[PDB]
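Chemist: Have a look at the structure that comes next, please.
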Amino acid sequence: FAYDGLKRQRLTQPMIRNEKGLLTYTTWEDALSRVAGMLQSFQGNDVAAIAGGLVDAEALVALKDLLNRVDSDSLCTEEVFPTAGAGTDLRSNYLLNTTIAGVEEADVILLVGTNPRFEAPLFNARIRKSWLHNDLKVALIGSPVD
Amino acid sequence: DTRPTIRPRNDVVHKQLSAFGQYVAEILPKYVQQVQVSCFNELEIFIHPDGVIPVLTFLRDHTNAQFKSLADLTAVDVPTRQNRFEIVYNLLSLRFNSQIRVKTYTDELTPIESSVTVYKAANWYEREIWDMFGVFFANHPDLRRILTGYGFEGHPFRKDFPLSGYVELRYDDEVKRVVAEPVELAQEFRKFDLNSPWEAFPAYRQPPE
Amino acid sequence: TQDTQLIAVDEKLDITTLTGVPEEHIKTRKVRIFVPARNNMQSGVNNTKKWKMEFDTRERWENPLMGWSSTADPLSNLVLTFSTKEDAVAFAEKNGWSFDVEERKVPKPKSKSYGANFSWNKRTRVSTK
Amino acid sequence: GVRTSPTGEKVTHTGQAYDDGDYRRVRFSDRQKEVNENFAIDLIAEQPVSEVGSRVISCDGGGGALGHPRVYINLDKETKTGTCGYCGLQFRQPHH
Amino acid sequence: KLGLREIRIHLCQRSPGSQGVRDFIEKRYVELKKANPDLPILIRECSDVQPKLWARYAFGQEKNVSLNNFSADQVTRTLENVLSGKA
Amino acid sequence: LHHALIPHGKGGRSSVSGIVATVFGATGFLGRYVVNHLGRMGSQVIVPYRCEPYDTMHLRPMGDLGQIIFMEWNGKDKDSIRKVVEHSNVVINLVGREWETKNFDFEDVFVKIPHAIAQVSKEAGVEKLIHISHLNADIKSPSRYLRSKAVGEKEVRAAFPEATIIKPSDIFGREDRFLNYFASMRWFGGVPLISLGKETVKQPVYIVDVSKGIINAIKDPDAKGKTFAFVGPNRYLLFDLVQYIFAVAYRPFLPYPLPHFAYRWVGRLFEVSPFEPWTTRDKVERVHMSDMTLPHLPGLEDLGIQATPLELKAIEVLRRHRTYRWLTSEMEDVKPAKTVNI
Amino acid sequence: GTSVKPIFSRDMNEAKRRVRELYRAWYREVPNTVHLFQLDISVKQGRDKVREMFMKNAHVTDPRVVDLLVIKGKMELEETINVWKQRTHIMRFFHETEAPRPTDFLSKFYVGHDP
Amino acid sequence: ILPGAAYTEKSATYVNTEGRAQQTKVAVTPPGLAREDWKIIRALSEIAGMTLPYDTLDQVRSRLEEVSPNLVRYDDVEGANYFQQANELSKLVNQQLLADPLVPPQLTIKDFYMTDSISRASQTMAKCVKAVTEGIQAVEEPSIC
Ligand SMILES: NC(=O)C1=CN([C@@H]2O[C@H](COP(=O)(O)OP(=O)(O)OC[C@H]3O[C@@H](n4cnc5c(N)ncnc54)[C@H](OP(=O)(O)O)[C@@H]3O)[C@@H](O)[C@H]2O)C=CC1
Ligand SMILES: [Zn+2]
């Protein structure tokens, strides 16, 4: 029940700031020219991009290449993951390695500081499914939740 | 009657048609691939595409067949098959008041010998199969578009062809002419997905593969 | 087989010039070979036994007069059916259409047992009927 | 009831009225915006709620074959009146 | 300045052609990261991938280097010139 | 842009373009052609008219159903213009008349009516107004047509500062009263050029070029306030132009020098007619003015449209005038009239 | 399997021969269309269009395909000869009323959401 | 405020938490003048001069393969390895745990609904948070029809 979210408060036409700083509708050409000029003038580490949460993968690589060509390696993300040590270098450091389907095989699960019921409802459903038949034992390290 | 709604079934006609199917199969084993009689007493002979001229001629000239009227000649396009085009001949014998079906197969770029020599009625029919589907019939007196407009690009009855086509017509005053433009419908054809997800007929249940 | 000086035409079959499809609608489109998923509203699988080929959805605007779903994509409501994946991809390559075939998902065979509803040691024992 | 939008366009029962800054209103000048004054939303409101003396009641819309398919409404909740889903007529138990 | 912006090692999991690369990433990697604890050395692996090395330089420049059938010492050597060839 | 003016579709008939426009005087020459282009891209046209609705029938089949809307309007009635331009992005002014009717002089249809159109369009809130004048527009030209056009241009510029002003030189087309005029001059004996027509230089522009220029100027975001001049690619000597016109028509050519005052008398005699005045004093004058070259003014090529030479699109105009004898001769049979270099 | 029936020609060279003679017929014809059909395009302006139509499907290499378009072009020539096509039918080859379409990515992005 | 395209209005690659990279297909076109995100970035790069190489969706997918070959193996879990190396690199910082308890940001149904932009802009999730927050009196309606 979130498809209605894609019917309200949408951005349809490009907006630019006018002489009062008020957002006004403009053609794609004007806004793209403004952004292109600002990218051309300011270069180096003064250029940055904070990728969102619902973005795709194609746009991420496009933005990464665009900001790399202006020598900007300040591509950040809203979420914070510990970059100390291996960080993103090793994939298994930031992956649910044994897959969602593997939950139905494990015998002991230790969830640390998580509420999978809301953070990942299908993952919690899989944990419950394994809990029913396989008699898997759960242990929580975070705050008590339902 | 015990079956006031079920259509009556005739078995004598079934036996006669099966006997004639075996007769035709024995007469021309070179081309007759498979013969079958439907439940509603219609006999179909599936032949190799090379047997178009011979088999028809036999069915037209044999004393025991005497099929001297090409009722209908058509094609059915099944994209999932290798040779998608499936040419169908419907013949009627006025002496034995019986209808027969001779069905052959052919892909997009394989020619079929024109049956105009045997059935002179086929001359127009063949053109239609050429125009609607694209099956080229060699040794034809004149192959041309028969239904589509002049300069049409494509074969409309092919499954891989939109029912609205690609080009619509209009009158342009700038050129004072009936010009052709890319198709653009005011209301798109609403494609209805009406198909029950529950198996209808247990008899025609394809075995799993 | 066919004794008419039967010629080797090894190079792959292509009727892109024999279909009448315009320039635009033959490479910028992307067909999709897939087995349709069962409608989760229902519980019948008779619609998940034939492969289907379809074309990417394009612009669908509103008619200014009445508000219809006007479109300019002829290959929008055209969906082909195929008995097997290989035949569907053969059709896609034959007509020169870019594809991306998805494998056929199959429901994994479960293990049902009425007795488990009334188990004595396990947690599958139901609390209601 | 049909009422007038600030531009001057009458709103239909579906709440449809072209915006002031909408060019489509050009179609209505020298013509009229065809609307139906008899609003079904209002017309069904003043129909009296029948005091049915049974737990459930069958409604066919009146006229048998002339009406809608016959449906049975359960009049058990005292806080609401059972309303037929086809014609909108209400029913109520006699004070339970 | 081409200050060795990023390294991307794309090795296959199972094929023997990437075997040497595996040995490298098995042993000669922890000390590599200890040497320069700023380099985004990427070890994004995939099935059926010829072992390759991408060296993204500054201003968006890349030079792919094949690592097919290389040894652990071979991969080590073919990488040391890359991170030592920049000032 | 409004929620319904966002461009949609692929430029076909049933595509939302966002060029909701009013074309005053659409029932005639370019007024038709412009609408066609406006109809082709899918723009809602609010074509006003004063003539019989039957004469607007050819206006009907160039727009998708619901796009083209016809309204009654009167030149001397501000309320009518306000009704027609109330909901429109652009207002194109194509009102004109080669003669002076009893109830409408040149000033009325080139100053008064454009003044009302521009003032009402500015009051309503339209964003573009494309006004059309003549290239040879001068406040001191003997013909009242060009003088009235000049004062009308000044007034329109004053009322609508950002109004695009387009000054076509001479439109030739299937119904042009410029090539058909010379072709029809065969009935009255020979063709009576003033001073043999060896001093007038004319630069004719194709009708399709002008209409496409109007459309591009509407689409161009920089045409506001500018004053374009739409001219053909070549400059023809008037005698050579008539030579080409009669060669493509294959009618006999009988040039005849004629004193200016006698031709003025002929123009008055033709003006007497209570119907379509075949020739007027203004008409015989204008065919004798040269096309004033204005290099400073921006041209069609700036809008992105290449002028089509008269030779390629002369067979369309004059194929009707040919008798049965040369009715099928090709376009390359007659060699292009020599042109004085620009 | 790899070897299948031929349509008319038994090699690419014979298919090119048929293409050559079809182009012969079209090139000889063109001015007759210009005059008879009362066309307004120049003679060369039709001959180059014949050339462009031939060059469009110049990438095909399956012989049977080449014979197929040889027959189709022969049919179009047949229609053009005995005034079976009309002025509008012939003029469709020169897409006149169609607005020019853009080729660069930037204009397509500016104009709509299409490939 | 260059308007982008949504997940229902684009064919794009998303990777779940297990590493599997799936792709969403276009169902509706972007509203108004909005366009695809990658197309917007590529057009901006062209305008600014530093034009990106990829000009089609397949080209962008090829570039994605160039950066990471496991972003194109659709519906294929590419198992990662080398946990020992990551652990060895991890045992160098010696960062000290704090005393604040590990409290998840969402601990009730009320926090589940309105999380992202689409959910926040939606109205049914507003009715849901209303239903869960105050009580049962906010969900009365004529459901007889
Ligand atoms: N070579 C040329 O002809 C050139 C012309 N122009 C200008 O282009 C414009 C259009 O030219 P063209 O289309 O050839 O002209 P036409 O005479 O063919 O058409 C003129 C249009 O103006 C309308 N009109 C004229 N007077 C009035 C009036 N008093 N009230 C209402 N409507 C009126 C006419 O209505 P109706 O049809 O009912 O009479 C018609 O729609 C004119 O301004 C003209 O001066 C500019 C450069 C060159
Ligand atoms: Zn009822």
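Identifiers in this document derive from the order of the structure tokens: chains are assigned A, B, ..., residues are numbered from 1 separately in each chain, and ligands are numbered from 1 in order of occurrence.
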List the spatial neighbours of stretch 33-35 of chain C as a PyMOL selection string - criterion: any atom at most 8 Å away, only C-alpha atoms, same-chain residues fewer than 2 positions off excluded.
Modeler: chain C and resi 31+37+48-54+85+88-89+99-105
Chemist: Within 9 Å of ligand 1, counting only C-alpha atoms and all ligand atoms, which protein or nucleic acid residues do you find, written as a ChimeraX atom specification?
Modeler: /F:24-33,48-52,55-56,73-76,93-99,101,103-105,108-110,113,131-136,145-146,149,166-172,175-178,204-205,207,230
Chemist: Can you list, as a ChimeraX atom specification, every protein, DNA or RNA residue that comes within 10 Å of residue A:24 when you count only C-alpha atoms, leaving out same-chain residues fewer than 3 positions away?
Modeler: /A:13-18,21 /H:1
Chemist: Please give me, as number ranges by chain, the residues lying within 7 Å of ligand 2 when counting only C-alpha atoms and all ligand atoms.
Modeler: D: 59-61, 68, 84-89
Chemist: Find the residues near stretch 100-106 of chain A: any atom within 8 Å, counting only C-alpha atoms, skip ones fewer than 3 places away on the same chain, and give them as a PyMOL selection string.
Modeler: (chain A and resi 96+109+123+126-127+129-130+134+136) or (chain H and resi 18)
Chemist: May I have the selected residues written with N, CA, C and O atoms, as an mmCIF file, in the first residue's frame?
Modeler:
data_model
loop_
_atom_site.group_PDB
_atom_site.id
_atom_site.type_symbol
_atom_site.label_atom_id
_atom_site.label_comp_id
_atom_site.auth_asym_id
_atom_site.auth_seq_id
_atom_site.Cartn_x
_atom_site.Cartn_y
_atom_site.Cartn_z
ATOM 1 N N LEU A 96 24.927 -10.150 3.489
ATOM 2 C CA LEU A 96 24.285 -11.279 4.159
ATOM 3 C C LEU A 96 24.701 -12.533 3.395
ATOM 4 O O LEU A 96 24.012 -13.016 2.492
ATOM 5 N N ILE A 109 20.686 -18.547 15.704
ATOM 6 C CA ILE A 109 20.740 -17.227 15.090
ATOM 7 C C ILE A 109 21.022 -16.213 16.190
ATOM 8 O O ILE A 109 20.412 -16.273 17.264
ATOM 9 N N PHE A 123 12.781 -11.001 5.846
ATOM 10 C CA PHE A 123 13.824 -11.709 6.581
ATOM 11 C C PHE A 123 13.296 -12.232 7.910
ATOM 12 O O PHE A 123 13.596 -13.367 8.303
ATOM 13 N N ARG A 126 11.219 -15.244 7.214
ATOM 14 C CA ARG A 126 12.066 -16.416 7.001
ATOM 15 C C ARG A 126 12.597 -16.961 8.321
ATOM 16 O O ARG A 126 12.649 -18.183 8.525
ATOM 17 N N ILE A 127 13.008 -16.070 9.225
ATOM 18 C CA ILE A 127 13.491 -16.509 10.531
ATOM 19 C C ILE A 127 12.388 -17.236 11.285
ATOM 20 O O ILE A 127 12.624 -18.278 11.903
ATOM 21 N N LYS A 129 9.830 -18.801 9.929
ATOM 22 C CA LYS A 129 9.586 -20.064 9.238
ATOM 23 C C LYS A 129 10.589 -21.124 9.668
ATOM 24 O O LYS A 129 10.224 -22.278 9.921
ATOM 25 N N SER A 130 11.867 -20.749 9.756
ATOM 26 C CA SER A 130 12.870 -21.680 10.265
ATOM 27 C C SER A 130 12.644 -21.992 11.740
ATOM 28 O O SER A 130 12.926 -23.107 12.190
ATOM 29 N N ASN A 134 12.306 -26.122 11.824
ATOM 30 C CA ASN A 134 13.652 -26.555 12.183
ATOM 31 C C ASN A 134 13.985 -26.334 13.650
ATOM 32 O O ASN A 134 15.057 -26.770 14.085
ATOM 33 N N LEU A 136 14.852 -23.632 15.198
ATOM 34 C CA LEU A 136 16.021 -22.776 15.340
ATOM 35 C C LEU A 136 15.880 -21.891 16.575
ATOM 36 O O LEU A 136 14.779 -21.455 16.924
ATOM 37 N N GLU H 18 21.540 -9.601 0.324
ATOM 38 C CA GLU H 18 22.248 -10.866 0.181
ATOM 39 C C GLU H 18 23.279 -10.854 -0.941
ATOM 40 O O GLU H 18 24.043 -11.817 -1.068
#
Chemist: Work out how far atom CA of residue A:81 is from atom CA of residue H:91, in Å to one decimal.
Modeler: 16.6 Å
Chemist: Using only C-alpha atoms, tabulate the residues of chain F lying at most 8 Å from any atom of chain B, each with its closest atom pair and that distance in Å to one decimal, by chain and increasing residue number, as a tab-separated table.
Modeler:
residue	atom	partner	partner_atom	distance
F:12	CA	B:184	CA	6.6
F:13	CA	B:184	CA	7.3
F:14	CA	B:186	CA	5.7
F:33	CA	B:174	CA	6.3
F:36	CA	B:173	CA	7.0
F:61	CA	B:171	CA	7.5
F:62	CA	B:172	CA	7.0
F:208	CA	B:174	CA	7.4
Chemist: Can I get the selected residues back with C-alpha atoms, as an mmCIF file, in the first residue's frame?
Modeler:
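Contents of the output file again-v6.cif:
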data_model
loop_
_atom_site.group_PDB
_atom_site.id
_atom_site.type_symbol
_atom_site.label_atom_id
_atom_site.label_comp_id
_atom_site.auth_asym_id
_atom_site.auth_seq_id
_atom_site.Cartn_x
_atom_site.Cartn_y
_atom_site.Cartn_z
ATOM 1 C CA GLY F 12 1.713 13.202 -34.179
ATOM 2 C CA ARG F 13 -1.900 14.315 -34.336
ATOM 3 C CA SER F 14 -2.901 12.876 -30.949
ATOM 4 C CA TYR F 33 -0.815 26.436 -43.688
ATOM 5 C CA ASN F 36 -1.844 22.604 -40.636
ATOM 6 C CA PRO F 61 -9.501 18.107 -41.205
ATOM 7 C CA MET F 62 -6.023 19.073 -40.029
ATOM 8 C CA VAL F 208 5.870 26.385 -46.440
#
Chemist: Within 7 Å of chain A, which residues of chain H show up when using only C-alpha atoms, listed as a ChimeraX atom specification?
Modeler: /H:1-3,12-14,17-19,31-34,37-38,41-42,44-45,47-48,60,64,79-81,83,86,89-90,102-104,106-107,112,118-119,121-124
Chemist: Give me, as a PyMOL selection string, the residues of stretch 121-222 of chain F that a backbone DSSP run labels strand (DSSP E or B).
Modeler: chain F and resi 128-132+164-166+171-172+191+201-202+205-206
Chemist: Taking only C-alpha atoms into account and nothing else, which residues of chain G lie no more than 10 Å away from chain B? Please answer as a PyMOL selection string.
Modeler: chain G and resi 4-8+64-65+67-68+71-72+74-76+78-80+84-93+95-98
Chemist: I'd like the contact shell of residue B:191 - 10 Å cut-off, only C-alpha atoms, skipping same-chain residues fewer than 5 positions apart - returned as a compact mmCIF listing (two decimals) with C-alpha atoms, in the first residue's frame.
Modeler:
# COMPACT_ATOMS: atom_id res chain seq x y z
CA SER C 76 2.64 -2.46 -26.90
CA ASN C 77 -0.31 -4.89 -26.77
CA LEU C 78 1.40 -7.60 -28.84
CA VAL C 79 2.55 -10.54 -26.71
Chemist: Find the residues around residue G:51 up to 12 Å (only C-alpha atoms counted), leave out those fewer than 2 positions away in its own chain, and share them as a PyMOL selection string.
Modeler: chain G and resi 19-20+22-24+26-27+30+44-49+53-58
Chemist: Could you give me, as a tab-separated table, every chain C residue with an atom at most 10 Å from chain H, plus its closest atom pair and distance in Å to one decimal, counting only C-alpha atoms, rows ordered by chain then number?
Modeler:
residue	atom	partner	partner_atom	distance
C:28	CA	H:56	CA	9.4
C:56	CA	H:26	CA	7.1
C:57	CA	H:26	CA	6.2
C:58	CA	H:29	CA	6.8
C:59	CA	H:29	CA	5.7
C:60	CA	H:29	CA	7.0
C:61	CA	H:29	CA	8.8
C:102	CA	H:74	CA	8.9
C:103	CA	H:75	CA	9.4
Chemist: Store the residues picked out above in a file with N, CA, C and O atoms, as a short mmCIF file (atom, residue, chain, number, x, y, z; two decimals), in the first residue's frame.
Modeler:
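Wrote again_33.cif, looks like this:
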data_model
loop_
_atom_site.label_atom_id
_atom_site.label_comp_id
_atom_site.auth_asym_id
_atom_site.auth_seq_id
_atom_site.Cartn_x
_atom_site.Cartn_y
_atom_site.Cartn_z
N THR C 28 15.67 -0.56 -30.94
CA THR C 28 15.45 0.21 -29.72
C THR C 28 14.45 -0.44 -28.78
O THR C 28 14.26 0.05 -27.67
N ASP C 56 8.91 -3.66 -24.33
CA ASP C 56 8.99 -2.69 -23.24
C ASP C 56 7.91 -1.63 -23.37
O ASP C 56 7.57 -1.18 -24.46
N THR C 57 7.36 -1.24 -22.22
CA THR C 57 6.32 -0.22 -22.18
C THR C 57 6.91 1.15 -22.52
O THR C 57 8.01 1.49 -22.08
N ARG C 58 6.17 1.92 -23.30
CA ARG C 58 6.60 3.23 -23.77
C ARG C 58 5.65 4.31 -23.24
O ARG C 58 4.81 4.05 -22.38
N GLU C 59 5.81 5.52 -23.76
CA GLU C 59 5.02 6.65 -23.29
C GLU C 59 3.53 6.40 -23.49
O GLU C 59 3.10 5.87 -24.52
N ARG C 60 2.74 6.77 -22.48
CA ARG C 60 1.29 6.61 -22.50
C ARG C 60 0.70 7.89 -21.90
O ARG C 60 0.59 8.03 -20.68
N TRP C 61 0.32 8.82 -22.77
CA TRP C 61 -0.14 10.12 -22.31
C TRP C 61 -1.67 10.19 -22.32
O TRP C 61 -2.36 9.26 -22.74
N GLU C 102 14.40 -14.63 -18.81
CA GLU C 102 14.37 -15.00 -17.40
C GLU C 102 14.00 -16.47 -17.28
O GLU C 102 13.05 -16.93 -17.92
N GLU C 103 14.74 -17.19 -16.45
CA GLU C 103 14.49 -18.61 -16.24
C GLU C 103 13.12 -18.82 -15.59
O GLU C 103 12.59 -17.94 -14.91
#
Chemist: At what distance in Å, to one decimal, does atom CA of residue H:21 lie from atom CA of residue H:73?
Modeler: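 About the pair atom CA of residue H:73 and atom CA of residue H:21: they are 6.8 Å apart.
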Chemist: Tell me, in Å to one decimal, how far atom CA of residue F:39 is from atom CA of residue B:154.
Modeler: 28.8 Å
Chemist: Could you name the residues that touch residue E:6 at 12 Å or less, counting only C-alpha atoms, but leaving out those on the same chain fewer than 3 positions away, as a ChimeraX atom specification?
Modeler: /A:68,73,89 /E:2-3,9,36,38-43,53-64,82-83 /H:67
Chemist: Save out the residues we just selected, N, CA, C and O atoms, as a compact mmCIF listing (two decimals), in the first residue's frame.
Modeler:
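This went into result.txt:
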# COMPACT_ATOMS: atom_id res chain seq x y z
N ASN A 68 34.08 11.73 -11.02
CA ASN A 68 35.46 11.33 -11.19
C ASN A 68 36.14 12.15 -12.28
O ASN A 68 37.32 12.48 -12.16
N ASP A 73 36.28 12.52 -5.67
CA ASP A 73 36.05 11.20 -5.10
C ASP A 73 35.33 11.29 -3.76
O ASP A 73 35.57 10.48 -2.86
N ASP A 89 36.25 -2.93 0.61
CA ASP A 89 37.19 -3.66 -0.24
C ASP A 89 36.79 -5.12 -0.39
O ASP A 89 36.81 -5.67 -1.50
N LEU E 2 47.74 11.56 -11.24
CA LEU E 2 47.29 10.18 -11.28
C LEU E 2 47.68 9.41 -10.02
O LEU E 2 48.32 8.36 -10.09
N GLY E 3 47.23 9.90 -8.87
CA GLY E 3 47.64 9.32 -7.61
C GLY E 3 46.94 8.02 -7.28
O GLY E 3 46.58 7.78 -6.12
N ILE E 9 40.14 -5.43 -8.60
CA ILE E 9 40.53 -6.77 -9.01
C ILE E 9 39.27 -7.60 -9.21
O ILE E 9 38.51 -7.82 -8.27
N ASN E 36 49.28 0.89 2.37
CA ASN E 36 48.57 2.13 2.04
C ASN E 36 47.12 1.99 2.50
O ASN E 36 46.26 1.52 1.74
N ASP E 38 44.60 3.75 2.51
CA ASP E 38 43.65 4.64 1.86
C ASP E 38 43.17 4.15 0.51
O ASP E 38 42.20 4.70 -0.02
N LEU E 39 43.81 3.14 -0.07
CA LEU E 39 43.50 2.71 -1.42
C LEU E 39 42.21 1.89 -1.43
O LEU E 39 42.13 0.88 -0.73
N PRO E 40 41.21 2.28 -2.21
CA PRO E 40 40.01 1.43 -2.37
C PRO E 40 40.27 0.26 -3.31
O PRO E 40 39.78 0.20 -4.44
N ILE E 41 41.09 -0.68 -2.85
CA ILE E 41 41.32 -1.90 -3.61
C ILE E 41 40.04 -2.72 -3.60
O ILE E 41 39.57 -3.15 -2.55
N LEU E 42 39.46 -2.93 -4.78
CA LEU E 42 38.18 -3.61 -4.90
C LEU E 42 38.39 -5.03 -5.41
O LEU E 42 39.09 -5.24 -6.41
N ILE E 43 37.79 -6.00 -4.72
CA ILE E 43 38.00 -7.41 -5.01
C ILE E 43 36.64 -7.99 -5.39
O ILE E 43 36.30 -9.12 -5.04
N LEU E 53 42.52 -6.65 -13.81
CA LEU E 53 42.87 -5.59 -12.87
C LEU E 53 42.62 -4.25 -13.54
O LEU E 53 43.19 -3.95 -14.59
N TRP E 54 41.76 -3.44 -12.92
CA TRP E 54 41.48 -2.09 -13.37
C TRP E 54 42.16 -1.09 -12.44
O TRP E 54 42.09 -1.23 -11.22
N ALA E 55 42.82 -0.09 -13.03
CA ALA E 55 43.52 0.94 -12.27
C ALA E 55 42.93 2.29 -12.64
O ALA E 55 43.42 2.96 -13.56
N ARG E 56 41.87 2.69 -11.94
CA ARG E 56 41.27 4.00 -12.16
C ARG E 56 42.21 5.08 -11.65
O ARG E 56 42.51 5.13 -10.45
N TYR E 57 42.67 5.93 -12.56
CA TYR E 57 43.52 7.06 -12.23
C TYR E 57 42.65 8.30 -12.00
O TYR E 57 41.43 8.21 -11.87
N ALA E 58 43.29 9.47 -11.93
CA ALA E 58 42.55 10.70 -11.73
C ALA E 58 41.82 11.11 -13.00
O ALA E 58 42.14 10.67 -14.11
N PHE E 59 40.82 11.97 -12.83
CA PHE E 59 40.02 12.54 -13.92
C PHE E 59 39.32 11.47 -14.74
O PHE E 59 38.99 11.69 -15.91
N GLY E 60 39.06 10.30 -14.15
CA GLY E 60 38.33 9.25 -14.83
C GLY E 60 39.09 8.59 -15.97
O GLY E 60 38.64 8.63 -17.12
N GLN E 61 40.23 8.00 -15.67
CA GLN E 61 41.00 7.22 -16.63
C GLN E 61 41.27 5.84 -16.06
O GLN E 61 41.64 5.71 -14.89
N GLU E 62 41.08 4.82 -16.89
CA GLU E 62 41.23 3.43 -16.47
C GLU E 62 42.08 2.67 -17.47
O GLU E 62 42.00 2.91 -18.68
N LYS E 63 42.89 1.75 -16.96
CA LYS E 63 43.72 0.87 -17.78
C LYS E 63 43.53 -0.55 -17.27
O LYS E 63 44.13 -0.95 -16.27
N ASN E 64 42.70 -1.33 -17.96
CA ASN E 64 42.49 -2.72 -17.59
C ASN E 64 43.74 -3.54 -17.87
O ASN E 64 44.43 -3.33 -18.87
N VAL E 82 52.06 -1.10 -10.88
CA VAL E 82 50.93 -0.19 -11.01
C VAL E 82 50.89 0.80 -9.85
O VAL E 82 50.77 2.01 -10.06
N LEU E 83 50.99 0.30 -8.61
CA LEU E 83 50.91 1.28 -7.52
C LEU E 83 52.24 1.96 -7.26
O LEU E 83 52.29 2.92 -6.47
N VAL H 67 32.68 -1.89 -13.78
CA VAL H 67 32.97 -1.54 -12.39
C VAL H 67 32.83 -2.76 -11.49
O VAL H 67 33.67 -3.03 -10.63
Chemist: Per DSSP on the backbone, what are the helix (DSSP H, G or I) residues of stretch 9-112 of chain C, as a JSON list (two decimals) with C-alpha atoms, in the first residue's frame?
Modeler:
[["chain", "number", "residue", "atom", "x", "y", "z"],
["C", 24, "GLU", "CA", 12.80, 2.53, -34.94],
["C", 25, "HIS", "CA", 10.88, -0.53, -33.73],
["C", 26, "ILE", "CA", 13.50, -3.22, -34.40],
["C", 27, "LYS", "CA", 16.56, -2.46, -32.20],
["C", 85, "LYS", "CA", 12.24, -21.04, -24.11],
["C", 86, "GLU", "CA", 14.46, -22.12, -27.00],
["C", 87, "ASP", "CA", 11.68, -21.55, -29.54],
["C", 88, "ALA", "CA", 11.02, -18.09, -28.09],
["C", 89, "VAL", "CA", 14.67, -17.08, -28.32],
["C", 90, "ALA", "CA", 14.80, -18.54, -31.83],
["C", 91, "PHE", "CA", 11.91, -16.25, -32.75],
["C", 92, "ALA", "CA", 13.61, -13.28, -31.07],
["C", 93, "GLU", "CA", 16.91, -13.77, -32.94],
["C", 94, "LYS", "CA", 15.08, -14.55, -36.19]]
Chemist: With 9 Å as the limit and counting only C-alpha atoms, what residues in chain A lie close to chain C? Please list them as JSON, numbers by chain.
Modeler: {"A": [131, 132, 133, 134, 135]}
Chemist: Chain F residues within 8 Å of chain H, counting only C-alpha atoms: which ones, as a list in words?
Modeler: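 Taking only C-alpha atoms into account, residues 3, 6 and 7 of chain F sit within 8 Å of chain H.
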Chemist: Within 12 Å of chain D, which residues belong to chain C? Use only C-alpha atoms and report them as an mmCIF file with C-alpha atoms, in the first residue's frame.
Modeler:
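For reference, selection06.cif as written:
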data_model
loop_
_atom_site.group_PDB
_atom_site.id
_atom_site.type_symbol
_atom_site.label_atom_id
_atom_site.label_comp_id
_atom_site.auth_asym_id
_atom_site.auth_seq_id
_atom_site.Cartn_x
_atom_site.Cartn_y
_atom_site.Cartn_z
ATOM 1 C CA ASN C 63 -5.819 12.541 -24.611
ATOM 2 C CA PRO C 64 -6.614 16.269 -24.206
ATOM 3 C CA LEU C 65 -10.285 15.910 -25.167
ATOM 4 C CA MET C 66 -11.555 12.990 -23.071
ATOM 5 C CA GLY C 67 -8.505 11.620 -21.251
#
